[PDB]
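K.L.:
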Amino acid sequence: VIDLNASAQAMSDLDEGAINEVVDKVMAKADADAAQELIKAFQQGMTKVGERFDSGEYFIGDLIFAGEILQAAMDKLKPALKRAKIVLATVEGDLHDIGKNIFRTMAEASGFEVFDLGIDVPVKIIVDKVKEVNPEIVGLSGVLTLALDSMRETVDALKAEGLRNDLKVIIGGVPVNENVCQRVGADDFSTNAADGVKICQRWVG
Numbered sequence: 001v002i003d004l005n006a007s008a009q010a011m012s013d014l015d016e017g018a019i020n021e022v023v024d025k026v027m028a029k030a031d032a033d034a035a036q037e038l039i040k041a042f043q044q045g046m047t048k049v050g051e052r053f054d055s056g057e058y059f060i061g062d063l064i065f066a067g068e069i070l071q072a073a074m075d076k077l078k079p080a081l088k089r090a091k092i093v094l095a096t097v098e099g100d101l102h103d104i105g106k107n108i109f110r111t112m113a114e115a116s117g118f119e120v121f122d123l124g125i126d127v128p129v130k131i132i133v134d135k136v137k138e139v140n141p142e143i144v145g146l147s148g149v150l151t152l153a154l155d156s157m158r159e160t161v162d163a164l165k166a167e168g169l170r171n172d173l174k175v176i177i178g179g180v181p182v183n184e185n186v187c188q189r190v191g192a193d194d195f196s197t198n199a200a201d202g203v204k205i206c207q208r209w210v211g
């Protein structure tokens, strides 16, 4: 670009004018390597959206916005240019998916292939999907205590099938924290969907 750090800031600020000004400049010079640098800068800015949510400056709506804004930039940058895979579910006992879907949108916009299994998803169905597609990451959503139990059951089933050690497990949902992460047997838990993407990007290469 002219200025990658300013472009990261523009994503952080959710400034559609500035984001599209730079996307246009990059698309004009038709350099794949420059487009990839801009993408990385936008991804860094997504992380900053999460930090701004965690501070209380930004709200749920801003997280919805961020995902949609990143995806729109990615769609424009695609002409100028093997995805890591995530199997994603709201687990058995739970019908809450607003949050999971915020994450799904951010993860899709960040170049992951996401297999969204939907809500109230039985353990056995999650495990069958992991056998089928061999994802790098399994992401599990829930809030009710029964759901948190189903998270633990899903990890235990992956261990029984010899699948656990070759993937990473991330959990999210209203009540998740380090204590729930430990009880479940997950690798990490998210504070917010943008933090979760940050985690997942670190795991993949």
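What the sequence shown shows, in the entry's author numbering, is residues 1 to 81, 88 to 211, in sequence order.
Think of the CB as a built atom: it goes at the ideal place given N, C-alpha and C, for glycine as much as any other residue.
#1: Between the Cα of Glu142 and the Cα atoms of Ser196, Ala73, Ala35 and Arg170, which residue gives the shortest distance?
#2: Kindly indicate which three-state DSSP category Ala95 falls into: helix, strand or coil?
#3: Looking at the structure shown, is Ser147 part of a helix, part of a strand, or coil, going by DSSP?
#4: In three-state DSSP terms, what is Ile125?
#5: Between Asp194 and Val149, is the Cβ-Cβ spacing less than 9 Å?
#6: Going by beta carbon distance, what residues of the same chain come within less than 7 Å of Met157, once the five residues before and after it are set aside?
#7: What is the DSSP secondary structure of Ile177, counted as helix, strand or coil?
#8: Closest to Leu77 by C-alpha separation, out of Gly105, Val49 and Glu37, would be which residue?
#9: Can you tell me whether DSSP reads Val210 as helix, strand or coil?
#10: Tell me whether the beta-carbon of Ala80 lies closer than 9 Å to the beta-carbon of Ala32.
#11: From the DSSP output, which residues share a beta bridge with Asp194?
#12: Our contact map puts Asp54 next to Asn183 with C-beta atoms below 8 Å; I'd like the distance itself, whole angstroms only.
#13: So what does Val161 bridge to, in DSSP terms?
#14: Does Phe59 pass the burial test, meaning 16 or more other C-beta atoms within 10 Å, or should it be called exposed?
#15: Across the segment 121–139 and the segment 67–75, are there enough close Cβ pairs to call them in contact, namely three or more that are closer than 8 Å?
#16: Can you tell me whether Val120 is helix, strand or coil according to DSSP?
#17: State the Cα-Cα distance for the pair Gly179 and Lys40, rounded to the nearest angstrom.
#18: My guess is that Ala8 and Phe42 are in contact by the Cβ rule of under 8 Å, so how many angstroms apart are they, rounded?
#19: Do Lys135 and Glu167 have their beta-carbon atoms positioned less than 9 Å apart in this structure?
#20: How would you write the range of the alpha helix (DSSP H) that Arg52 sits in, first residue to last?
P.N.:
Checking against the coordinates, here is how it stands:
#1: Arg170
#2: strand
#3: strand
#4: coil
#5: no
#6: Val97, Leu146, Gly148, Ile177 and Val190
#7: strand
#8: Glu37
#9: coil
#10: yes
#11: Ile176
#12: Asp54 to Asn183, Cβ: 13 Å. No contact.
#13: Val161 is not bridged to any residue.
#14: exposed
#15: no
#16: strand
#17: 27 Å
#18: 7 Å
#19: no
#20: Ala32 to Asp54
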